[PDB]
>>> print(open('coords_34.csv').read())   # CSV, C-alpha atoms
chain,number,residue,atom,x,y,z
P,434,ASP,CA,-30.3,-1.3,4.2
P,435,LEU,CA,-29.2,-2.9,7.4
P,436,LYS,CA,-28.7,-6.3,5.7
P,437,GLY,CA,-25.9,-4.9,3.5
P,438,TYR,CA,-24.4,-2.9,6.3
P,439,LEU,CA,-24.4,-5.3,9.2
P,440,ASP,CA,-22.1,-7.6,7.3
P,441,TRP,CA,-20.1,-4.6,6.2
P,442,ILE,CA,-19.0,-3.9,9.7
P,443,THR,CA,-18.7,-7.6,10.6
P,444,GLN,CA,-16.5,-9.4,8.1
P,445,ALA,CA,-14.3,-6.3,7.2
P,446,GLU,CA,-12.2,-6.2,10.4
P,447,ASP,CA,-14.3,-7.8,13.1
J,38,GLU,CA,9.5,31.3,-45.7
J,39,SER,CA,11.0,27.8,-45.5
J,40,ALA,CA,12.1,28.3,-41.8
J,41,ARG,CA,8.6,27.8,-40.4
J,42,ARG,CA,8.2,24.6,-42.4
J,43,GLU,CA,11.6,23.3,-41.4
J,44,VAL,CA,11.0,24.0,-37.7
J,45,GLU,CA,7.5,22.4,-38.0
J,46,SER,CA,9.2,19.2,-39.5
J,47,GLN,CA,11.8,19.2,-36.8
J,48,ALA,CA,9.3,19.6,-34.0
J,49,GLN,CA,7.1,16.8,-35.5
J,50,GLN,CA,10.1,14.5,-35.8
J,51,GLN,CA,11.0,15.2,-32.1
J,52,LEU,CA,7.4,14.5,-31.3
J,53,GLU,CA,7.3,11.0,-32.7
J,54,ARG,CA,10.9,10.5,-31.3
J,55,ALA,CA,9.8,11.3,-27.7
J,56,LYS,CA,6.3,9.8,-28.0
J,57,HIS,CA,7.5,6.6,-26.3
J,58,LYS,CA,9.6,8.0,-23.5
J,59,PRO,CA,8.9,8.1,-19.7
J,60,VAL,CA,6.8,11.0,-18.4
J,61,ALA,CA,8.7,13.6,-16.3
J,62,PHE,CA,6.0,15.3,-14.3
J,63,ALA,CA,2.5,16.7,-14.4
J,64,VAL,CA,0.6,20.0,-13.6
J,65,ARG,CA,-3.0,21.2,-13.4
J,66,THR,CA,-4.6,24.0,-15.5
J,67,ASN,CA,-7.0,26.3,-13.7
J,68,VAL,CA,-7.8,28.4,-16.8
J,69,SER,CA,-9.8,27.6,-19.9
J,70,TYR,CA,-8.0,28.0,-23.2
J,71,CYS,CA,-7.4,26.3,-26.5
J,72,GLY,CA,-3.9,25.4,-27.7
J,73,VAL,CA,-5.0,25.1,-31.4
J,74,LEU,CA,-6.3,28.7,-31.8
J,75,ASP,CA,-3.0,30.4,-30.8
J,76,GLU,CA,-0.5,31.2,-33.6
J,77,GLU,CA,2.6,30.7,-31.5
J,78,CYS,CA,2.2,27.0,-31.2
J,79,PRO,CA,5.2,25.1,-32.7
J,80,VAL,CA,2.7,22.7,-34.4
J,81,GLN,CA,-0.5,24.2,-35.8
J,82,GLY,CA,-3.8,22.3,-35.8
J,83,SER,CA,-2.9,19.8,-33.0
J,84,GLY,CA,-3.8,21.9,-30.0
J,85,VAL,CA,-5.5,20.7,-26.8
J,86,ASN,CA,-8.9,22.0,-25.8
J,87,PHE,CA,-8.3,21.9,-22.1
J,88,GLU,CA,-10.7,23.7,-19.6
J,89,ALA,CA,-10.6,24.7,-16.0
J,90,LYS,CA,-9.4,22.1,-13.5
J,91,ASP,CA,-7.7,19.9,-16.1
J,92,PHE,CA,-4.6,17.7,-15.9
J,93,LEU,CA,-1.8,17.2,-18.4
J,94,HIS,CA,1.3,14.9,-18.4
J,95,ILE,CA,4.5,16.6,-19.4
J,96,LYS,CA,7.4,14.3,-20.5
J,97,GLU,CA,10.2,16.4,-22.0
J,98,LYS,CA,11.4,20.0,-22.3
J,99,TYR,CA,10.9,22.2,-25.3
J,100,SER,CA,11.7,25.9,-24.4
J,101,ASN,CA,10.6,28.6,-22.0
J,102,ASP,CA,7.4,29.1,-24.1
J,103,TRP,CA,5.8,25.7,-24.6
J,104,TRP,CA,5.9,22.1,-23.3
J,105,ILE,CA,4.9,18.7,-24.6
J,106,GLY,CA,2.1,17.0,-22.8
J,107,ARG,CA,-0.5,14.3,-23.0
J,108,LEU,CA,-4.3,14.3,-22.3
J,109,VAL,CA,-5.3,12.4,-19.2
J,110,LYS,CA,-8.5,11.4,-20.9
J,111,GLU,CA,-8.7,7.9,-22.5
J,112,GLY,CA,-7.4,7.9,-26.1
J,113,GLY,CA,-5.7,11.3,-25.7
J,114,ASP,CA,-3.0,11.9,-28.3
J,115,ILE,CA,0.1,14.2,-28.2
J,116,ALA,CA,-0.4,18.0,-27.7
J,117,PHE,CA,1.4,21.2,-26.8
J,118,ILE,CA,0.7,23.0,-23.6
J,119,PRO,CA,2.1,26.6,-23.0
J,120,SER,CA,4.7,27.4,-20.4
J,121,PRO,CA,3.6,29.5,-17.4
J,122,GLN,CA,5.2,32.6,-19.0
J,123,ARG,CA,3.2,31.9,-22.2
J,124,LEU,CA,0.1,31.3,-20.2
J,125,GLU,CA,0.6,34.7,-18.4
J,126,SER,CA,1.2,36.4,-21.7
J,127,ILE,CA,-2.0,35.0,-23.2
J,128,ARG,CA,-3.9,35.9,-20.0
J,129,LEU,CA,-2.6,39.5,-20.4
J,130,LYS,CA,-3.7,39.3,-24.1
J,131,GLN,CA,-7.2,38.2,-23.1
J,132,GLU,CA,-8.1,41.5,-21.5
J,133,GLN,CA,-6.2,43.8,-23.8
J,134,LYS,CA,-8.9,43.7,-26.5
J,135,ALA,CA,-11.2,45.7,-24.2
J,136,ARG,CA,-11.4,49.5,-24.6
J,137,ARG,CA,-9.5,50.1,-21.3
J,138,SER,CA,-7.8,48.0,-18.6
J,139,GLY,CA,-6.6,50.7,-16.1
J,140,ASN,CA,-8.4,53.5,-14.3
J,141,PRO,CA,-9.5,55.9,-17.1
J,142,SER,CA,-13.0,55.0,-18.1
J,143,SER,CA,-14.2,55.4,-21.7
J,144,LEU,CA,-17.5,57.1,-20.8
J,145,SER,CA,-17.4,59.7,-23.6
J,146,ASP,CA,-14.2,61.3,-22.2
J,147,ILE,CA,-11.5,61.2,-24.9
J,148,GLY,CA,-8.8,63.8,-25.5
J,149,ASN,CA,-8.9,65.5,-22.0
J,150,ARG,CA,-7.2,63.0,-19.6
J,151,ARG,CA,-4.8,60.8,-21.5
J,152,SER,CA,-3.9,58.9,-18.3
J,153,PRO,CA,-1.0,56.7,-19.3
J,154,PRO,CA,-1.2,53.2,-17.8
J,155,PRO,CA,0.8,53.0,-14.5
J,156,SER,CA,2.2,50.0,-12.8
J,157,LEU,CA,-1.2,49.4,-11.2
J,158,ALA,CA,-2.6,48.7,-14.7
J,159,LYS,CA,0.0,46.0,-15.3
J,160,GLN,CA,0.7,42.6,-13.7
J,161,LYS,CA,3.4,44.0,-11.4
J,162,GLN,CA,0.7,45.0,-8.9
J,163,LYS,CA,-2.1,42.6,-7.6
J,164,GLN,CA,0.5,40.5,-5.8
J,165,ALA,CA,-1.5,40.2,-2.5
J,166,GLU,CA,-2.5,36.6,-3.4
J,167,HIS,CA,-1.0,35.9,-6.9
J,168,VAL,CA,-2.6,32.6,-7.6
J,169,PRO,CA,-0.2,30.7,-9.8
J,170,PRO,CA,-1.6,29.8,-13.3
J,171,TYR,CA,0.3,26.5,-13.1
J,172,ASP,CA,0.6,24.4,-10.0
J,173,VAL,CA,3.1,21.6,-9.3
J,174,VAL,CA,0.5,18.8,-8.5
J,175,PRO,CA,1.3,15.1,-8.2
J,176,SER,CA,1.2,13.1,-11.4
J,177,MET,CA,-1.6,11.0,-10.1
J,178,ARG,CA,-4.4,12.1,-7.8
J,179,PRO,CA,-4.2,10.0,-4.6
J,180,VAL,CA,-7.2,7.9,-3.5
J,181,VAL,CA,-8.7,8.7,-0.1
J,182,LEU,CA,-11.9,7.4,1.5
J,183,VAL,CA,-14.2,9.8,3.5
J,184,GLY,CA,-17.1,9.1,5.8
J,185,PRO,CA,-19.5,8.0,7.0
J,186,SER,CA,-18.1,8.6,10.5
J,187,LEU,CA,-14.9,9.9,12.1
J,188,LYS,CA,-11.6,8.4,11.0
J,189,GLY,CA,-9.9,6.1,13.5
J,190,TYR,CA,-13.2,4.8,14.9
J,191,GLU,CA,-14.8,1.4,14.4
J,192,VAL,CA,-17.5,1.9,11.8
J,193,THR,CA,-15.3,3.9,9.4
J,194,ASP,CA,-12.4,1.6,10.2
J,195,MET,CA,-14.2,-1.6,9.0
J,196,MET,CA,-16.1,0.1,6.2
J,197,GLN,CA,-12.9,1.4,4.7
J,198,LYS,CA,-10.6,-1.5,5.6
J,199,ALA,CA,-12.9,-3.9,3.6
J,200,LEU,CA,-12.5,-1.8,0.5
J,201,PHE,CA,-8.7,-1.3,1.1
J,202,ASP,CA,-8.3,-5.1,1.4
J,203,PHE,CA,-10.3,-5.7,-1.7
J,204,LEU,CA,-8.2,-3.2,-3.7
J,205,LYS,CA,-5.0,-4.7,-2.4
J,206,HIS,CA,-6.2,-8.2,-3.3
J,207,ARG,CA,-7.4,-7.3,-6.8
J,208,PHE,CA,-4.5,-4.9,-7.7
J,209,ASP,CA,-1.7,-7.2,-6.3
J,210,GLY,CA,1.7,-6.4,-7.8
J,211,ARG,CA,0.6,-3.0,-9.2
J,212,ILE,CA,-0.5,-0.9,-6.2
J,213,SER,CA,1.0,0.2,-2.9
J,214,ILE,CA,-0.8,1.0,0.4
J,215,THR,CA,0.7,3.4,2.9
J,216,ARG,CA,-0.5,5.1,6.1
J,217,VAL,CA,0.2,8.8,6.7
J,218,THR,CA,0.4,9.2,10.5
J,219,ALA,CA,1.5,12.8,10.1
J,220,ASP,CA,-1.1,15.5,9.4
J,221,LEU,CA,-1.9,16.5,5.8
J,222,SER,CA,-4.5,19.2,6.1
J,223,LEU,CA,-1.9,22.0,6.4
J,224,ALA,CA,-0.5,21.4,2.9
J,225,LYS,CA,0.1,25.1,2.1
J,226,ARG,CA,2.5,26.6,-0.4
J,227,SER,CA,2.6,30.4,0.1
J,228,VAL,CA,3.2,30.7,3.8
J,229,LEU,CA,6.8,31.7,4.0
J,230,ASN,CA,10.1,31.3,2.0
J,231,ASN,CA,11.4,28.6,4.4
J,232,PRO,CA,9.3,28.0,7.6
J,233,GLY,CA,11.6,26.2,10.0
J,234,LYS,CA,14.5,25.2,7.8
J,235,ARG,CA,16.5,23.8,10.9
J,236,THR,CA,15.0,22.2,14.0
J,237,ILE,CA,17.8,23.4,16.3
J,238,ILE,CA,16.8,27.1,16.2
J,239,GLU,CA,14.2,26.3,18.9
J,240,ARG,CA,11.7,28.7,17.3
J,241,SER,CA,7.9,28.5,17.7
J,242,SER,CA,7.5,26.5,14.5
J,243,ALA,CA,10.9,24.7,14.7
J,244,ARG,CA,9.7,22.2,17.3
J,245,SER,CA,6.3,21.7,15.7
J,246,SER,CA,5.2,19.0,13.2
J,247,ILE,CA,5.2,21.2,10.1
J,248,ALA,CA,8.5,19.6,9.0
J,249,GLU,CA,7.0,16.2,9.1
J,250,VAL,CA,4.0,17.4,7.2
J,251,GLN,CA,6.2,18.9,4.5
J,252,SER,CA,8.4,15.8,4.3
J,253,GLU,CA,5.3,13.6,3.8
J,254,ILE,CA,4.1,16.1,1.1
J,255,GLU,CA,7.3,15.5,-0.9
J,256,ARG,CA,7.0,11.8,-0.1
J,257,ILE,CA,3.6,11.7,-1.7
J,258,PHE,CA,4.8,13.7,-4.6
J,259,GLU,CA,7.7,11.3,-5.4
J,260,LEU,CA,5.5,8.3,-4.8
J,261,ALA,CA,3.0,9.7,-7.4
J,262,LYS,CA,6.0,10.3,-9.7
J,263,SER,CA,6.5,6.5,-9.8
J,264,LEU,CA,3.2,6.3,-11.8
J,265,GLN,CA,2.1,3.4,-9.5
J,266,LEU,CA,-1.3,3.8,-7.9
J,267,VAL,CA,-1.2,4.5,-4.2
J,268,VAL,CA,-4.0,5.0,-1.7
J,269,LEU,CA,-3.8,6.9,1.5
J,270,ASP,CA,-4.9,5.5,4.9
J,271,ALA,CA,-4.3,8.7,6.8
J,272,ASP,CA,-6.8,9.3,9.6
J,273,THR,CA,-6.5,13.1,9.8
J,274,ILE,CA,-8.9,14.1,7.1
J,275,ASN,CA,-12.6,14.6,7.8
J,276,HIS,CA,-14.0,17.1,5.3
J,277,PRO,CA,-13.7,17.7,1.5
J,278,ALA,CA,-12.9,21.4,2.0
J,279,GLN,CA,-10.0,20.8,4.4
J,280,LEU,CA,-7.7,19.6,1.5
J,281,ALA,CA,-9.6,20.9,-1.5
J,282,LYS,CA,-7.5,24.1,-1.7
J,283,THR,CA,-4.2,22.3,-1.0
J,284,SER,CA,-1.7,21.1,-3.7
J,285,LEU,CA,-2.5,17.4,-3.4
J,286,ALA,CA,-6.3,17.7,-3.9
J,287,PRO,CA,-6.9,13.9,-3.6
J,288,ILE,CA,-9.7,12.0,-5.2
J,289,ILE,CA,-12.4,12.2,-2.6
J,290,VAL,CA,-14.4,8.9,-2.4
J,291,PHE,CA,-17.6,9.5,-0.4
J,292,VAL,CA,-19.7,6.7,1.1
J,293,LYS,CA,-23.2,7.6,2.2
J,294,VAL,CA,-26.1,6.1,4.1
J,295,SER,CA,-29.7,6.7,3.2
J,296,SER,CA,-30.8,7.9,6.7
J,297,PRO,CA,-29.1,8.4,10.0
J,298,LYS,CA,-31.4,5.8,11.5
J,299,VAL,CA,-29.6,3.0,9.7
J,300,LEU,CA,-26.3,4.2,11.1
J,301,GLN,CA,-27.8,4.5,14.5
J,302,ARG,CA,-28.9,0.9,14.3
J,303,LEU,CA,-25.4,-0.1,13.1
J,304,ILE,CA,-23.7,1.5,16.1
J,305,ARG,CA,-26.5,-0.1,18.2
J,306,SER,CA,-25.1,-3.4,17.0
J,307,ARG,CA,-21.5,-2.6,17.8
J,308,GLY,CA,-21.5,-1.8,21.5
J,309,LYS,CA,-21.4,0.9,24.2
J,310,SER,CA,-17.9,2.1,23.3
J,311,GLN,CA,-19.2,3.4,20.0
J,312,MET,CA,-22.5,4.4,21.6
J,313,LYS,CA,-20.5,6.9,23.7
J,314,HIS,CA,-19.3,8.7,20.5
J,315,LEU,CA,-22.6,8.0,18.6
J,316,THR,CA,-23.5,11.7,19.1
J,317,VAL,CA,-20.3,13.1,17.6
J,318,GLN,CA,-20.3,10.6,14.8
J,319,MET,CA,-23.9,11.6,13.9
J,320,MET,CA,-23.0,15.2,14.0
J,321,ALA,CA,-20.0,14.7,11.7
J,322,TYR,CA,-22.0,12.5,9.3
J,323,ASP,CA,-24.7,15.2,9.1
J,324,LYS,CA,-22.1,17.9,8.5
J,325,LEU,CA,-20.4,15.8,5.8
J,326,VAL,CA,-23.7,15.0,4.1
J,327,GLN,CA,-24.8,18.6,4.0
J,328,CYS,CA,-22.1,19.2,1.5
J,329,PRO,CA,-23.2,19.0,-2.1
J,330,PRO,CA,-22.0,15.9,-3.9
J,331,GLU,CA,-20.0,17.7,-6.6
J,332,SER,CA,-17.3,18.6,-4.0
J,333,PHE,CA,-16.5,14.9,-3.7
J,334,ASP,CA,-15.1,13.2,-6.8
J,335,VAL,CA,-17.1,9.9,-6.7
J,336,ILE,CA,-20.2,8.8,-4.8
J,337,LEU,CA,-21.1,5.4,-3.3
J,338,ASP,CA,-24.7,5.0,-2.3
J,339,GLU,CA,-24.6,1.2,-2.6
J,340,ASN,CA,-25.8,-0.7,0.5
J,341,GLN,CA,-24.0,-3.9,-0.4
J,342,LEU,CA,-20.2,-4.4,-0.2
J,343,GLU,CA,-19.9,-5.8,-3.7
J,344,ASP,CA,-21.6,-3.1,-5.7
J,345,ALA,CA,-19.5,-0.4,-4.1
J,346,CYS,CA,-16.2,-2.3,-4.3
J,347,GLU,CA,-16.6,-3.3,-7.9
J,348,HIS,CA,-17.8,0.2,-8.8
J,349,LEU,CA,-14.6,1.8,-7.4
J,350,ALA,CA,-12.9,-1.1,-9.2
J,351,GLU,CA,-13.9,0.0,-12.7
J,352,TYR,CA,-13.4,3.7,-11.7
J,353,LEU,CA,-9.8,3.0,-10.7
J,354,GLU,CA,-9.4,0.7,-13.8
J,355,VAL,CA,-10.5,3.5,-16.2
J,356,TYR,CA,-8.4,6.0,-14.3
J,357,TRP,CA,-5.4,3.8,-14.9
J,358,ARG,CA,-6.2,3.1,-18.5
J,359,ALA,CA,-6.9,6.7,-19.4
J,360,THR,CA,-3.6,7.9,-18.0
J,361,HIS,CA,-1.7,5.5,-20.3
>>> encode(input="coords_34.csv", output="C-alpha cells")
Amino acid sequence: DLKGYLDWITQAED
Amino acid sequence: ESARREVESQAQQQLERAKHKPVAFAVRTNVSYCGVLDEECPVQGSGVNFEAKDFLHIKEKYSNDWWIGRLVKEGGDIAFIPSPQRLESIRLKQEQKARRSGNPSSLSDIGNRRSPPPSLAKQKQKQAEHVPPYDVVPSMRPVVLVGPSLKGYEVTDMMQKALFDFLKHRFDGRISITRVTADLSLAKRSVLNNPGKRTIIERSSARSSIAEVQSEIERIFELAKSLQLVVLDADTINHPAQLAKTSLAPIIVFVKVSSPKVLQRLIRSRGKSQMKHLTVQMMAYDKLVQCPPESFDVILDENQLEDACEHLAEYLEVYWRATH
C-alpha cells in the first residue's frame, strides 16, 4: 500500500 | 375526433424539428412516476420511466403543463416530462384513490359525520417546509474530490492535485478548472425572500460573505449551463452531508485508504508540520470513512495513481457521452 502512496504524495506537487 | 390526431402530428413534427437544438436548462426529479401511463401526454407511448433522484435535460418550451426533455442515460431518446404544476396535479391524484385523505376516518362510520374536506385536507396547508417537486439544479453535476484528509493540507493537496493535473492534461481543450475561494456549504434556497440585497444597509448579514456565496452559486450555475465540464478546487468542503441537501449536490469522488496505519506512515514520511495536524487529520479521516459509501457518488480504493486516474477517466468519459 505504501509503495503506491509514497509516490502519490511525492511526484504530484512535491 | 381528428383534433387529437392533428395535435399529435403537430407535436411530433415539432419534436423532430427541435431534436437538434441547443439545450436550455435541466432539473432534477425527486419523485417516481412514469410519463407513458398518463393520458394527458401530448404524445402517447413515448413516456420516460424516471425514478427518484433522476435528471432530465429540457431544451424548449411547450406549455404550462408539459416540457420536452432528454434522458441523461446513454442512448436516451426524446421524451416528455410534466411541468411542476402537472407534477403537483398528479401527486394530488396519487392519494385521491384512497377512501379518505382528510380527518374523517372510514372506520365503519358513514352517514353521521359528513365532514366536508377543509383547507387542511388540500395542498394549501402543509406549507411549513414545502419541498419543491422540481428543483433548478445545474445542467451538469460538478466534480469534487473528498478525502482522505483535510482540504488545504499537504496530503490531500498532492493526492488531489495529481488527479486534477491528469484531468487537465487528458481533457485539454474541453474542460475548465476553477477554484472557489468563497464558501459553498451554505447553498440554501428557502431562507428569505432577499437576504442582504444591498451591502450599504450595514445589517448583520449585509457585511457577511453570503453575497459572495450566492454570486459563486450563480457563477457555477451559468458555468454548468455552458455544457463544458468543470471541476471544483474549493477547499471548504469536508463531508458529503454538508452539500448533499443543497442545490448543487456535486458528484462526490471519495478516495480511501485501507487502514489508518498506512496514512500514519505517509505523514510520517512528510515531516513534523503535518505531524502536528496528524491527530486532526486522522479524526477527520475516521469520521469521513464511517459514512456508508452510497452517500458518495464514486469510490476509489486503488493504491496506485494510474488505476484511480484512469478509472475516474472512463467515468467522466461515460458521463460526457451519456449526456449527449
>>> closest_residue(input="coords_34.csv", among="J:276, J:225, J:94, J:205", to="residue 116 (chain J)", atoms="only C-alpha atoms")
J:94
>>> residues_around(input="coords_34.csv", residues="residue 224 (chain J)", least_positions_apart="5", cutoff="9 Å", atoms="all atoms listed in the file", output="count of residues only")
8
>>> interface_residues(input="coords_34.csv", of="chain P", to="chain J", cutoff="7 Å", atoms="only C-alpha atoms", output="list in words")
residues 434, 435, 437, 438, 439, 441, 442, 445 and 446 of chain P
>>> atom_distance(input="coords_34.csv", atom1="CA of residue 247 (chain J)", atom2="CA of residue 274 (chain J)")
16.1 Å
>>> atom_distance(input="coords_34.csv", atom1="CA of residue 360 (chain J)", atom2="CA of residue 108 (chain J)")
7.7 Å
>>> atom_distance(input="coords_34.csv", atom1="CA of residue 71 (chain J)", atom2="CA of residue 128 (chain J)")
12.1 Å
>>> closest_residue(input="coords_34.csv", among="J:219, J:319, J:328, J:204", to="residue 354 (chain J)", atoms="only C-alpha atoms")
J:204
>>> closest_residue(input="coords_34.csv", among="J:187, J:78, J:292, J:268", to="residue 334 (chain J)", atoms="all atoms listed in the file")
J:292
